[PDB]
Every structure is written in structure tokens, then in C-alpha cells.
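*Asks:* Which chain is which? The protein sequence lines are A, B, C and D, in order.
Going by the deposited numbering, the residue at position 4 of the first sequence is 917; the numbering climbs one at a time, nothing skipped.
Going by the deposited numbering, the residue at position 79 of the second sequence is 1143; the numbering climbs one at a time, nothing skipped.
Going by the deposited numbering, the residue at position 21 of the third sequence is 698; the numbering climbs one at a time, nothing skipped.
Going by the deposited numbering, the residue at position 97 of the fourth sequence is 97; the numbering climbs one at a time, nothing skipped.
Got a structure for you, questions after.
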Amino acid sequence: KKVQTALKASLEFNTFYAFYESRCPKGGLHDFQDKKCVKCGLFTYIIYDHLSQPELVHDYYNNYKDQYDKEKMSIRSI
Amino acid sequence: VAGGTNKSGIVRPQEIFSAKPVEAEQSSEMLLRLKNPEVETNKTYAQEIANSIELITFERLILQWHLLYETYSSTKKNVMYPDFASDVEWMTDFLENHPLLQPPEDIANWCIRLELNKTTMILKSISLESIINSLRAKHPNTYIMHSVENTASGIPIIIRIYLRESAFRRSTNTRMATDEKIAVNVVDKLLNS
Amino acid sequence: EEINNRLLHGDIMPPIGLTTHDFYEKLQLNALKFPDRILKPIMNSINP
Amino acid sequence: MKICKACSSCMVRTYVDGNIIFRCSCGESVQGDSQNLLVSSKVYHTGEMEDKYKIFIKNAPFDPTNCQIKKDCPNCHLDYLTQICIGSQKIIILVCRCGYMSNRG
Ligand SMILES: [Zn+2]
Ligand SMILES: [Zn+2]
Ligand SMILES: [Zn+2]
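Structure follows, in C-alpha cells:
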């Protein structure tokens, strides 16, 4: 049960951060300056790591979760 | 064996030994080294540069296009296609939201209506203003109108490009081209932008 | 199967430059490769 | 097209002073009002649009060669559904013989 719950959370975070790797939630691709995108709050050291600083991974994810959900639904339609 | 990476059989050897031109190459590649030895260390910078250079023509963002014999005047009611007469609702919004982009005085009687593919606009991460600015910069002999950037499915994003009379004045001494032929040729240029 | 479950729920999102069909095929080809530890039972059944 | 009211022929479209004139080979000429202002059109991704698979999706629950899935139908409460995967984006649609269709269709 713990394995399934942790795997669900890890997979969901991995999909979210693989989607917003180059794609920017604010439109276009990321504009990385000083390790941080100017348009959004993405940090370079968070795209591939979701364990070292879990507080920051839960902050960026919470900001653009909805936008993410609508985009995910829209892709899966028509 | 897929198109664009065909290395099956003896195909790359034939391209070399026959001295075939670049147009006849089915597996051409290229390796680009980042100008900054510092940037080349980090993969996110390398990944965003790699996605920065990827030919997205205006054609692949389109679901369907219609070439309409219409002119736009803001005040006078001009005739419109019955299927797209509902487009007038977002015409008015565009004019009050773009007081600097008023329609010119030399709009020809030729209109191109576009219906953007929203899935490709999401998968490729292309904003509407990126398309509009790219089209306006490359095509000055046209007038471009569009709807709002909508986040709700079922409501499309419509790109409507009106041709100015200066498009036909470019080369009309070559009389073996009717106005319909220039207008269609304008469609091909705009799509391949 | 876990890739199929993601597909059925619409959890598979391809990167830029790949369609969902191509990304799903890339995942399925990678997930169906034998590990290096496949020789542990092979080598335990034989005397070199 | 425009069809001549006299000989039911396909008229030729010309443009004069900002108006469309359909002229036939029998001399009859008419001018289109609104429905003839469509010079040309094209639609992309024709091989994966919903209009292509309408008959197939309607017939999917009855084809015995289609993949089934162990998932309840929310309408008739049958315990299996027919799953189909259409398009290059691999769109999954669940259908039932009662008329239920995931994606609300
Ligand atoms: Zn960003
Ligand atoms: Zn006639
Ligand atoms: Zn049912």
C-alpha cells in the first residue's frame, strides 16, 4: 500500500515536471536566467530532483497544477 | 527506415557515392556545440536551446483554413460567409482591445480564416502572441485579426488574415495571374512562414 | 502494463518533438529489454 | 459550386468590381449573395478526425475483434467495456453496446 501511494505521487510529480521541462506555464519555452526562469518560478535544480528540496517541489507544482490539469485534459480530447 | 532518418538498405552509401544534393538526402543530421562551455554543462539549457531550434511552420498549427472573398470595414456592414457570420462577436472585441491596430483603408476583397489546433499549441508550447508577432513581422501586406486566448475546450482560436491591396500591386504587370491566383499564392506563403 | 495504465488514464504526455504514439512506443521498447541480471539464473544452471 | 437554373450546369466563377459572378456556358449569369464567398478551403489531420471514425466508433461495441476492458459501464452497469485507441495522440475511447461512450459522445 505504501509502495502504491508513493509510486502514484512520484509518477504524478515526474509527469508534471517532465511536461514543464522546456515548456513554460507562462507560454513558450523557459527563459532560464540565474538558474531560475524569468517568466515562471522554475528552478533548474528541481526539474530532475524532487527529493532534495521537497518544499520547493510542492510550491512550483501547486502554482501551476490547474493549468496543468486543463492542458492535460485538452490534449486528451477530440 | 522512417522518413527523415532512412538508413535502411544501401541508402546513405548511395547518397555519398552518387554525390546526391542535399535535397535528396533521407538521413541528414547535424551536431551543434553550444557557444558557451558553461552552458554546455547543464542539460536544461541544452534542452531549451534544442527545442528553440525546431521548425514549426504556421501550417502545422492549423486544423483548417478557408479563403473567403470578403472585405473588412468596421462601420459599413460588409457581406460575410453564413458559416462564419458568428465571427463578428470577436471582431468587435478585437477592435476595442486594439485601438492602435485599426483596419487600413486599402483592404482588398480577400480574406483567409484560420482555426488553430489547440493540442499542437499546447504540445509545442506556442503562445498566440508568438504566432501573431511572427506573422505580422514577415507579412506586412496583410491585416491580421484573432480571438482571445481561451482556456476552455470547444471554443476555437480563429486567426483571420485580410489581404491589403498592396499584395496585388507587388507584381501585376505579369497579367497571367488572376486576383484569385495571387490570393491563393499568398495563402501558401503565409502557411509556410 | 504500468505504461498502459498511464495511457488508459491519459497520464502519458510526450515531450516536445514527439507525438504520444511515438513516446509510448519509446517507453514500450525500453521497458521490454532484459536486465543484466538475466544471466544470474542462466549461470546458476551451468558449470563453466 | 453554383448550378445553372436553366441547364443544371456547373457555372464558372469570376470576380468583377468586388462581387462574385457565376457565368454559365449558356449565357445565363447570376451573382452569389452570401453562401458563395468561399473560394477555397482545406482541413488538416483528416486521418484522425472524429468525422472519420463515426461509423467505426458506433459499430465498435458490436465488433468481436475489438479489445475489451474489465470496467463497469456507468449507464447499463455491464461489467465490461470496449476500449479503442485512435489517432497519433493515442486517444482512448470506452464504448458500450447500450450507447455509452467515454468522452461524452
Ligand atoms: Zn518558465
Ligand atoms: Zn446554363
Ligand atoms: Zn452500457
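Positions of the beta carbon are idealized from the N, C-alpha and C atoms, including for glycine.
1. With 7 angstroms as the C-beta to C-beta threshold (strictly closer), list the residues of the segment 940–973 of chain A near chain D in chain order.
2. Name, going along the chain, the residues of the segment 1160–1189 of chain B whose beta-carbon falls closer than 9 angstroms to a beta-carbon of chain C.
3. Output, in chain order, the set of chain B residues within a Cβ distance shorter than 7 angstroms of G27 of chain D.
4. Between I3 of chain D and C10 of chain D, how many whole angstroms is the CB-CB distance? I'm expecting something under 8 angstroms.
5. Can you tell me which of the three DSSP states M986 of chain A falls into?
6. From the DSSP output, read off the bridge partner residues of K42 of chain D.
7. For a test of the three-state rule: what should DSSP assign to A1172 of chain B, helix, strand or coil?
8. Looking at chain D, is there any beta carbon in it that lies within less than 8 angstroms of the beta carbon of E1153 of chain B?
9. Please list the residues of the segment 1102–1118 of chain B that have a C-beta atom closer than 7 angstroms to any C-beta atom in chain C, keeping them in chain order.
10. Count the other C-beta atoms from every protein chain shown that fall within 10 angstroms of the C-beta of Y958 of chain A, then say buried if there are 16 or more, exposed otherwise.
11. Answer yes or no: does any C-beta atom of chain C fall closer than 8 angstroms to that of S923 of chain A?
12. Can you find a heavy atom of ligand 1 that lies under 7 angstroms from the Cβ of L955 of chain A?
13. Using three-state DSSP, classify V970 of chain A as helix, strand or coil.
14. Between the beta-carbon of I1225 of chain B and the beta-carbon of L1254 of chain B, is there less than 8 angstroms?
15. Entirely within the segment 5–67 of chain D and at least 3 residues each: give me those beta strand (DSSP E) ranges in chain order.
16. Which of helix, strand or coil does DSSP assign to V1212 of chain B?
17. Put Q980 of chain A into one of helix, strand or coil per three-state DSSP.
18. At a cut-off of 7 angstroms, would you count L1192 of chain B as near ligand 3, judging by its Cβ distance to the nearest heavy atom?
19. Do the segment 946–956 of chain A and the segment 922–938 of chain A touch if we need at least three Cβ pairs shorter than 8 angstroms?
20. Does the beta-carbon of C950 of chain A, which I'm using as the reference point, lie nearer than 7 angstroms to any heavy atom of ligand 3?
21. Give the residues of chain B in contact with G18 of chain D, contact being defined as C-beta atoms less than 8 angstroms apart.
22. Does the segment 1107–1122 of chain B come into contact with the segment 27–34 of chain D, if we say contact requires no fewer than three beta-carbon pairs (one atom in each stretch) closer than 8 angstroms?
23. Check whether the Cβ atoms of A1110 of chain B and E1104 of chain B lie closer than 8 angstroms to each other.
24. Is the beta carbon of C1175 of chain B within less than 7 angstroms of some heavy atom of ligand 4?
25. When you compare only the Cα positions, how much space is there between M1209 of chain B and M1155 of chain B?
26. Quick one: using the 10 Å Cβ neighbour count with 16 as the cut-off for buried, is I715 of chain C buried or exposed?
27. Can you pull the DSSP bridge partners for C85 of chain D?
28. If the criterion is Cβ atoms closer than 8 angstroms, does the pair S102 of chain D and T697 of chain C meet it?
29. 8 angstroms is my cut-off, CB to CB: does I93 of chain D come that close to chain A?
30. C10 of chain D: beta carbon under 7 angstroms from a heavy atom of ligand 2?
31. Return yes when at least one heavy atom of ligand 2 lies under 7 angstroms from the C-beta of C7 of chain D, else no.
32. Return yes when the C-beta of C937 of chain A is under 7 angstroms from any heavy atom of ligand 1, and no when it is not.
33. Using only the alpha-carbon positions, how far apart do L1098 of chain B and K52 of chain D sit?
34. I think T1242 of chain B touches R1228 of chain B, with their Cβ atoms under 8 angstroms apart; what is that distance to the nearest whole Å?
35. Just mark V1065 of chain B as buried or exposed, buried being the case when its beta carbon has 16 or more other beta carbons within 10 Å.
36. If we count the other Cβ atoms within 10 Å of its Cβ and call it buried at 16 or more, is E1134 of chain B buried or exposed?
*Replies:* This is what the structure gives:
1. Per Cβ criterion, the list is empty.
2. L1187, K1188 and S1189
3. In chain order: nothing, as chain B lies at least about 22 angstroms away.
4. 7 angstroms
5. helix
6. B:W1129
7. The DSSP-derived three-state label of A1172 of chain B is strand.
8. Residue contact with chain D for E1153 of chain B: absent (no Cβ-Cβ distance below 8 angstroms to any residue of chain D).
9. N1115 and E1118
10. exposed
11. no
12. yes
13. Residue state, collapsed to three classes: helix.
14. Yes, the Cβ-Cβ distance between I1225 of chain B and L1254 of chain B is below 8 angstroms.
15. 12–16, 19–23, 29–31 and 40–43
16. coil
17. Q980 of chain A falls in the helix class under three-state DSSP.
18. no
19. yes
20. Result no, Cβ not under 7 angstroms from ligand 3.
21. Among the residues of chain B, those whose CB is under 8 angstroms from the CB of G18 of chain D are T1135 and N1173, following chain order.
22. The segment 1107–1122 of chain B is not in contact with the segment 27–34 of chain D.
23. yes
24. In the structure shown, ligand 4 is absent; the only ligands present are ligand 1, ligand 2 and ligand 3.
25. Answer to the nearest angstrom: the Cα atoms are 8 angstroms apart.
26. exposed
27. D:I92
28. no
29. no
30. no
31. Answer for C7 of chain D: yes, Cβ within range of ligand 2.
32. yes
33. Approximately 45 angstroms, taken between the alpha carbons.
34. Not confirmed; about 18 angstroms, so no contact.
35. exposed
36. Around the beta carbon of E1134 of chain B, 16 or more other beta carbons lie within 10 angstroms, which makes this residue buried.
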